[PDB]
Each structure stands twice: as structure tokens, then as C-alpha cells.
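Read through the structure below, which is laid out as C-alpha cells, and then see the notes.
Here, each number is a calculation from the coordinates, and none is a lab measurement. Cβ atoms come from the backbone with ideal geometry, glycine included; neighbour counts cover every protein chain shown.
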Amino acid sequence: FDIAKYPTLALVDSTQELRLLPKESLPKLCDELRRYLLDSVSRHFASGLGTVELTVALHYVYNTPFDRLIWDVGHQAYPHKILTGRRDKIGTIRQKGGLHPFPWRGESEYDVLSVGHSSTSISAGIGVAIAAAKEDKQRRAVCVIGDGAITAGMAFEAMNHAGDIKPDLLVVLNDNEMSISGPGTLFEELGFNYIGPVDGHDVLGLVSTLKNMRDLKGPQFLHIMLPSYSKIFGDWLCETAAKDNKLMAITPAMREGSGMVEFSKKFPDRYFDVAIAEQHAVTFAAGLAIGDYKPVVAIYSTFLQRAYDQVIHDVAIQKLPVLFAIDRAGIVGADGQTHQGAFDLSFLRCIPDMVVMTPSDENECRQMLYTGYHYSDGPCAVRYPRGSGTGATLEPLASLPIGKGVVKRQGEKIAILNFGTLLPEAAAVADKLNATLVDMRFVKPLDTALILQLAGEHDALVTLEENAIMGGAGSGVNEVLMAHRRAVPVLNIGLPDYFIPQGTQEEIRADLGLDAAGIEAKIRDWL
Amino acid sequence: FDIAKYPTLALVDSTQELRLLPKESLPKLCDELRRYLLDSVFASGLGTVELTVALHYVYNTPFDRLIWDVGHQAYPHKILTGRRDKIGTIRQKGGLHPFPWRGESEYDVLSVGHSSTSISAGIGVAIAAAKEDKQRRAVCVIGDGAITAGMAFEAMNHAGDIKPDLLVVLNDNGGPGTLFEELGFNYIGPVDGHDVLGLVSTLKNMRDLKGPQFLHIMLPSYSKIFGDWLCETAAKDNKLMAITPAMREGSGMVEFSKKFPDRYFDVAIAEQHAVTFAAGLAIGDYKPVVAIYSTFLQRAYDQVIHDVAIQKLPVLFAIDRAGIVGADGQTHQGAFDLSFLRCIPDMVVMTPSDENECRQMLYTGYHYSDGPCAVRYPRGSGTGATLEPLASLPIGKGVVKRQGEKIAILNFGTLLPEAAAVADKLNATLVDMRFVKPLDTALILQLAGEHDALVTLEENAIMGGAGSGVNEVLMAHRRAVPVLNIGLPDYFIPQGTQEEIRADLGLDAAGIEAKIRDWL
Ligand SMILES: Cc1ncc(C[n+]2csc(CCOP(=O)(O)OP(=O)(O)O)c2C)c(N)n1
Ligand SMILES: [Mg+2]
């Protein structure tokens, strides 16, 4: 740290020291903190730059870490980490072993809530504030939420509840944060005292306003002013819409991530961004299907968690033919635990009347989208990872036989049953071990006849998937075998029973034993 | 039927004769329909008589799409859409569904049961209708409780953005309109919801308006065991807090709400906020208990995963209506919580087999500080088990109930009396497993080494369920002992009494014995 470059930032290693600075020094501190961020974080974080003055004001006014400051998701919280003891580590953000992208409870007493999904801050802040009142030590609570995050249903539920029971909570609406990857009437109607919009870049103005609002009772609201699978999906949307008036596609505020930018411009009448609203995304699709359109819900595995009840109740129970294009399935890399696509094979396959498909390459991905798009008896899901595929030829489209796998190699003694994009690693292993290899294609319905044939011809089976082992695709294979009283041992390879930490997709797969070398070692150790 | 008592209603078994009535007969029609409901079948259905008459009189149903949010507000709808001769079978095995059900009538646009789905679906129907370009109209009816749900706000906010031709009727049982105006609706009301002629005139106008329109009209059960336990714990522990998403009576919380009002939080129909609010209380070093039905917990799954499990916060989930729920049918079954909770890291999942176990497990999860715990139990009465003094149960350990030979039955939950009869008949070993997660791995492997076959029993989907986790342990240890997994089949379970639906699915002693004998 170059104390001569940042002589004011040099004085405030702790927020206790920050609170001792003369107020007159705070604009210079904000300049230095903005320069230090630019000089220090690797190439993205415009909302971090835009929240510098707010962050200084908040830690200057609130007695953190005793008073509780809860950040909603976003790079708005980078300056926060710099001021709470992690200045010299800020260049490690998102690296394996480095700082978390967002506040993480285990990382600092100053991180009240681990975030990553959006819109959780107000709800948690109401709990913290109710607890603070009962504790009766005059602890205060503030949360900072971006304008994207405030579109989610659970933020409305939280604000409505705050209007009812009237916690002593300050909510700061930060228009600098987008929350992904006049103005006060609504919040007043929900029961808040509303101030603003104020200048979010006036550190002294914010200190004065926050000092007053921190002392008020009840709910307070301050308003401050080579191809990726995603590209494969977006290309397929465009090809399909060009020939079929029925296709409609929906994203809950993840147009760029899900690969839909070109589609949104070529087919604007087929494209719906419903904001950060996964639950509405799904039930809106159910309504389009009742209307005899063919909706595709583009949604990340991790965010689909939040729309589970709409998948079960508003789609599967109705047998409506909605197609789910599930991106960021499996290991997602840099965003770490809060974002992994770790559970969708488990939580979707226990639901009746769901078809669940796991392509092993980008051709299979297209074939499965096509198959699910023309499958009319009920909903279909196709899940695929962040990142590139194998370079597979994109073959002419044809519906795949439902619930049938594909034999890739005939070997002996061991059969490997692959679900999804780890197939090239399993192919290397099966050559090395002279094993049988099968690309299962379908997690549900499973190819039971192929499972029984494999079990009748090998001493042991291996299942492979980029999902939790517990309840996952391989667990489904186990169930078929046991139902047929064929107790042939199966090694279920997949994600272990802990939340998967950050790193490159490649290095985290290797750490989990999900490359060819890891898979081979697991088989040998188990045999 | 009884033409004498209802001489206007008698002539309008379908909406086509309904629309042939002169306006002047609709008031008498409404009186007759209300009396018919009183005689043939709750309060919310009585309350929607006039609205229902007005809607079907003005809208060209079933071509125009009318969507009902959940509630017995839809009983009159079924009487006017050709099903009045069946209204006496509602909620019975083989009878009419309690709520509109797509397969039951072309007048049922959306199957409902969970709340707050009507606006979202209505926006899709309305967007489809505009693209169809055949002048089809769309209208939905939502209750004042259902509009508290986060997905209803998401839908209203999207309606304000894309401006579909949809009428939302708030069936409400400054000013109230400002919120809906700010979300982007044209707001009318509040109006008299029992002036049928006034509603016909208003609906006629608003059906013809473009864009988003908003019309505002004016032995103890396990639940009791849980509520009693909350009271006893809060009496001696200031940290206890209990949360319900608007299901106070069903979750057994009435007395608790009256004795501990300062520790009781009804968050409205807001499962998502219920869970993350609990996470905040736990961060604040209180001990929250979230009371929630299995089927509704589906809607808070992301908050369980991201705001509780990833945080390692020690929230207690008291999961009622687990397993087969009986009369409410498919939309309400507690069919999946053992599957969707056990794949989540750092979750403890407990399945008590009687009232005493239920209390022991609530106490155990309440005093477990390393992460969240869930205790799931069915609707209905327990066995009469003696309530023993409370102490924490050793984590991930099951109990041997009977020693036999050849077969071992591994029970998760309240079908244990049935497993016990079977175990006697077959001279099978019987184990009460207690924990779905973590499993008693040591015991599973000992049972497999001592028997030719295992049987698992749970009142949850077989797919992904507790017995599926036993399979996984055996496979991980490269064992070769087959396991019969007994549980809920892979279809949504229809309505009936709990006893008769369990019998149908083979989850009584007789059906379990038969499944074992057939499989061997
Ligand atoms: C997600 C969800 N949570 C809880 C329920 C339980 N529930 C059924 S009806 C109701 C209240 C709404 O009905 P009401 O206000 O009594 O009058 P109505 O709309 O029938 O006229 C609730 C909370 C539900 N159906 N869905
Ligand atoms: Mg109501």
C-alpha cells in the first residue's frame, strides 16, 4: 500500500478510525478510494465506483460492525470491503482462495449477510431490526438495495411486512446498482417514510441525511440517484422464431447471460424480460401456453430455485408444455457458492410429468431444445453449463426418442453412464479402462431397458453428472436397479455434499475430481 | 333439481341461457344461487355470487378467459358452468375438484390451489389473446390475501410495463387505488360487490377498455403438538420466535399467537419473506421457527438454500401437511420435501414417527446451532404415544424396533405402525430411521450385512426421497443388497380421505406386505 499516494485512505484502516476523521476530509477520502479501486481491481465494477460516497457515509455514521449494514447483491459492495480490512486483498476478488465477489459472513464481522442472489437484504434487515429492538441495546440496521433487486417479489413482500409491523430499518435504494450478473409514492404506499431522490455523490450531504434517518423510528426509505451454450441457445431461438409464430421466449432480467441479445432485436415481439422475477417468469409462460403459444423460459439453474413452486404447480400439475432452457448448470466458476447450478437434476426429477434432458455437447443441446419444443404432453427442461462446448457439428434437427440413451463405446466389466457435458472426460476414462460408455441424454424418463442391459453385462456401473450426487441423475439409476431387484453396485460421481467454492470452472472441476484423471482415480479407489 | 326453491337458477344450468336472461332477473338469480350454496355444500363462495353472475353474463365465456385465483370464491362459478348437480361431491374421492381444474371443464382456464397465480397467468393469456387477434378478452379474480404474494406484485409490475388487455378484479373482503395506479393499472373502485346490476354495467365498460384494468370490489393433531411445544418453549426462553405465512390456524398457532403476540409473526401469504425474515432474526441471535406446509415450502426453496443453508443459520422448519393431505388433492400434497431438502448441503431433515418423537425432534432442531433443521409431520392425529421428557436426539441415529431375519424395514416417519404390523407378520427386522439427513450410515451397512433385502418406507416421492438416500449409501459402499423403496408414486396424488388414499397407494399394512411379497 502506497501511503504517499493515498494519504487519507491510509488513515482509515478500520471504520473506528474512519469515524474519527474530520468531516471535511471525507470528499478527499472518497476521491482516494475511487482512485485506489481503479488502480487495484482487475478487469465490470461501475456500481462499485458509483457507491464510494454512500459507503463512506454509511460507515462514518453507523457504528459498524455493531450496527448492521446489509448489502443487497452487486459490486456496490467493493468499497465496503476496502474499508473493512480487505484493502490489500481486493485484487484477489473472484480468484480461487481469494475474496468473495460479494459480502460473505465467514469473511468478515462486517459482512452481515452472504448475498449473490438478489433482493434478500430487506427481508433479512427486517429480521435484524426486530431482533435489535428486542435486544434493547440501541443497535441500528440499514440495508442497501439496487433498483433491479427491488423488482423481485420477495422485496415487495418484505416492504409490505415492514409497513405492517414497522421495524426500525433504513432501506437505501441505490440507483447506481443494477443487481445482476413522483418516485416515492410506491414506497410511501407500502408504509415507508420516503426521502429523496438525493445526490448519491455528495458525501457530506449523505452523512447529514443518514445521521438523521438513523435516529428516526419505523421504516425509513432513502432514495439516492468456440460458441458458448448460451449463444447456441440464442441462435436456436432465432432459427425457430423465423419459421414458427408460436415461439415466445422469457428471461428474468438475464438477457445477455442467457445469450438472447440478438434474439431480442430480431424478434422483439417474441421476447419478454420480466425483470428479476423468476416466479412470474414461469407462470407468465404457463399463461402463454394456455393461450396456445410455445413459451421458452430461459433461466439459470441457481435462479430456477426461486421459481420451483411455479414449475410444480403452474406447469407440471397443469401438464403445460413449457420449455425450460437452464443455463449455468453445474459448476459456474468465479461467482462461487451462491450461484452454482448444483441441484436442478435433483429438484426437477422428483416432480411428476417433468422431462429432464442433459446434453453432452452443443449439437445435443440443439436436438434437445428442438425435442422439448415440439413435445406437447407436458414440460421439458434442457440444462447446460456456462462456457463453450466441444466444437461438435450442428447436425440437422430431429426429435430425439424420449427416454433413450446412446451407446458410445462397448467395453467390458464396467459401464459408465454419463449425464451431460462431462462426456469427453468419461470418454478418455472409458478408453483407458476399456469400459462401456453410454450418453444417457435423459435424466427423466430414464432409459430403464438400457440400464438393465448394462447391469446384466457388467460387474459394476458408474454414473456421472455435474449435479449433486444426493438425489441426482445417478441416484435415479440406483432407484431403477433396486426397483428391479438388481443390486449391481453403482459408483455415483457428481458434486459432493457441500456448497462449491469459487475458481475457474476448469480448476474447480479438477479439484472435485471431475476431470478424466479424477474420474479414473475415483473408480479405482471404489473398486 | 328443486325447481320450486330456485325457479330462475333452474333455467340457467349453462352460461348460454344465463346470457338470455333480461338484466332485471339477475338480482333474483343471485338470491337463489346464494340459497342453493347454503343448502348443498365456504363464506367466500357466498360472497362472490353477484360477481360471478355479472362476469359470466358480461364475458363471452368460455371463449373469453376468466381466471380464478384460489379460494372457495369459485363455488358459484361451477354451479353456473354445468356442474351444479355435482356440487355435493366437492373434495370427495372421485368428486369435483375444490377449485377450478383444467381437465374438469372448458370453463376452468387455470388449475389453482396455491394462491396468487391468477394475474401472472392472466397476463400470458391476455398477451396471447392480442396476438391471436380474434378479440378474445381476459379477466382474473384475486383475493385480498392472495395479492400479498411476491409473485402477484411481480405480475402487476410487468403488467404496468407491457400493458396487456387484462382486467384484474380484486375481491376484497391517499386511498386504496394509489398502489395499483403506481404499478400501472387504471383503477376503479372500491365498488359494491353485491350490486349485480352495478357490476354488469361496470364490467361491460371495463371489458372494452384497453390495457391493464383494475376493479376493486367490496388424540391431538401434530399441529396441536407443535403449537403446544412452541408455548412451552417460549414460556422459558425469550429467544423463541415463530413465523407463519398466513396459516396460523392450520399450523396450530392460535393459542401461541394469543399468549406470545410479541414473538409471533404472520407475514401474510409470503413464504419467501417468511424464510429470509427468519434468517435475519437468527443473525440477530434469536431462534426463529418457520411453520410452513410442505407444499408451500416449495415456494421458499431459494430462501432455504441461499438465505439459510449457505449462511449456516440455525433456523428451525416445522413442516406441517407432510405426505398425503387428503381432501385438498394434487395442488396441496406434501409430496416432495424429503427429496428437495436432502440434496441441499448442511440441512438436517427429521421425520418423527409419533407425537413424542415429534416433540423430541423439535427440541433437537431448536437446540442445534450448526445449521438449519427441518421436522416434517402430516396433517392429522398421532398414535397416543406417551410424551417423554425432552432431550436432544443423537444426530443421524436410528432406533431398532424389532429384530427379525431375512428382511429389514427402514421407516422414515408416521407409517411406522404399518411397518410394525408387517414386520410382525413377516418376522422382519424393523428400524425407525428418524433422520433423512444425515442418515445412520453405520446402521444401514449393518442391516445390509445381516439381511438378504432391505425395504424403505416414507410418505414422500420415491424419486429422490429418503429411501433413495439409503440406496446411495449402499452403492457408495459397493454393497449388493437390493432395496425395495416404498413411497409416493410418480404422479400427483388426487383427493380423498387420507386413510383411503394411503390405502389406494398401498401405504397401509396390507399394501406394504403385498409390495414386499410381489417384489421378492
Ligand atoms: C402460496 C399459498 N400460501 C397459502 C395458501 C393458503 N390460503 C388459501 S386461501 C387464503 C386466503 C385468501 O382467501 P380469502 O382472503 O380468505 O378470501 P377469497 O379470495 O376466497 O375471497 C390462503 C392464505 C395458498 N392457497 N397459497
Ligand atoms: Mg378474499
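Observations on the model:
- Note that segment A:439-456 has calculated 3J(HN,Hα) couplings of 9, 6, 6, 10, 7, 7, x, 6, 6, 4, 5, 5, 3, 5, 5, 4, 5, x Hz, one per residue in order, obtained from phi through the Karplus relation 6.51 cos²θ - 1.76 cosθ + 1.60 (θ = phi - 60°); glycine and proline are x.
- Shape category assigned to segment B:90-244 from the gyration tensor of Cα positions, a/c cut at 1.5: prolate
- Farthest toward the positive end of the dipole of chain B, out of B:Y264, B:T117, B:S251, is the Cα of B:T117, where the dipole comes from beta carbon charges about the Cα centre.
- Fewest-first ranking of B:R84, B:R479, using other Cβ atoms within 10 Å as the exposure measure: B:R479, B:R84
- By the beta-carbon count within 10 Å of each Cβ, the least crowded to most crowded order of B:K236, B:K78, B:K163, fewest first, is B:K236, B:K163, B:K78.
- A:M225 versus A:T504: modelled label distance in nm, points set 7 Å from Cα along the beta carbon direction: 4.5
- Cut-off under 5 Å, modelled amide H: who pairs with A:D175 long-range: A:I224
- Based on every Cα atom in segment B:343-382, Rg and the maximum pairwise Cα distance Dmax equal 10.8, 32 Å.
- Charges were assigned to the Cβ only: +1 to each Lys and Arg, -1 to each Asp and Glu. The resulting dipole of segment B:108-178 about its Cα centre is roughly 200 debye.
- Dipole of chain B, positive end: most advanced residue of B:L390, B:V141, B:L179 [Cβ charges, Cα centre]: B:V141
- Residue-wise HN-Hα couplings along segment A:491-508, as the Karplus relation 6.51 cos²θ - 1.76 cosθ + 1.60 with θ = phi - 60° gives them from phi, are 8, 8, 9, x, 7, x, 7, 8, 6, 8, x, 7, x, 5, 3, 5, 6, 6 Hz; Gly and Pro carry x.
- Between A:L216 and A:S25, the C-beta separation translates, for a Förster distance of 35 Å, into a calculated FRET efficiency of about 0.85.
- Among A:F267, A:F419, a tally of other beta-carbon atoms within 10 Å of each Cβ gives an order, fewest to most, of A:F267, A:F419.
- Over chain A, dividing the summed -39,500 (n - 2.57) contributions of all DSSP H runs of at least 4 residues by the number of residues returns a 222 nm mean residue ellipticity of -10500 deg cm²/dmol.
- Restriction of the GluC sites (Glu not before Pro) in segment A:46-144 to DSSP coil positions whose beta-carbon has at most 16 other beta-carbons within 10 angstrom yields A:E109.
- Under a model in which nothing but the beta-carbon of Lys, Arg (+1) and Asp, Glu (-1) is charged, chain A shows a dipole of about 260 debye around its Cα centre.
- Database remark: amide H of A:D67 closer than 5 angstrom to the amide H of A:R140 (H placed geometrically; neighbours at sequence offset of 5 or more, or on other chains; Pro and chain starts carry no H).
- Computed across segment B:157-302, the Kirkwood hydrodynamic radius from all distinct Cα-Cα pairs reaches 18.3 Å.
- Other residues with beta-carbon under 12 Å from the beta-carbon of B:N485 carry, at +1 per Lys or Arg and -1 per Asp or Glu, a net charge of -2.
- Antiparallel %, DSSP beta bridges [both residues in chain A], to 5: 10
- Local electrostatic count at A:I519 - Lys and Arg +1, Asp and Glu -1, tallied over other residues with Cβ under 14 Å: -4
- Gyration tensor (alpha-carbon) shape descriptor, segment A:104-167, a/c threshold 1.5: oblate
- Checking every one of the chymotrypsin sites (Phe, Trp or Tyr not before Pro) in segment A:54-123 against DSSP loop status and a limit of 15 other Cβ atoms within 10 Å picks out A:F66.
- Spatial separation of Cα centroids for segment B:302-334 and segment B:1-49, in angstrom: 40
- Between A:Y271 and A:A249, the built amide H atoms are under 5 Å apart, and every one of these is 5 or more places off in sequence or on another chain.
- Dipole magnitude (debye, nearest 20) for the protein assembly as shown, charges at Cβ of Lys, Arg, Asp, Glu: 300
- With an a/c value of 1.5 or above and a/b not larger than b/c for the gyration tensor axes a ≥ b ≥ c computed over the alpha-carbon atoms, segment B:403-504 is described as oblate.
- As a calculated quantity, the FRET efficiency between A:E17 and A:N193 at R0 = 35 Å, using C-beta atoms, amounts to about 0.65.
- When the P(r) of the protein assembly as shown is calculated, the portion above 49 Å amounts to 25% of the C-alpha pairs.
- The residue among B:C358, A:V443, B:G47 whose Cα reaches farthest toward the positive pole of the charge dipole of the protein assembly as shown, with charges on the beta-carbon of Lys, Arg, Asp and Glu, is A:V443.
- Residue-wise HN-Hα coupling along segment A:512-524, computed from phi with Karplus coefficients 6.51, -1.76, 1.60 (Hz; x: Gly, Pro): 7, x, 9, 9, 4, 5, x, 4, 4, 5, 5, 4, 4
- Label-reachable residues, segment A:403-431, where backbone N falls under 19 Å from a point 7 Å from A:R524's Cα toward its Cβ: A:412-416, A:425-431
- On a per residue basis, the convex hull of the C-alpha atoms belonging to segment B:260-333 measures out at 98 Å³.
- Calculated Rg and Dmax of chain A using C-alpha coordinates, Å: 25.6, 80
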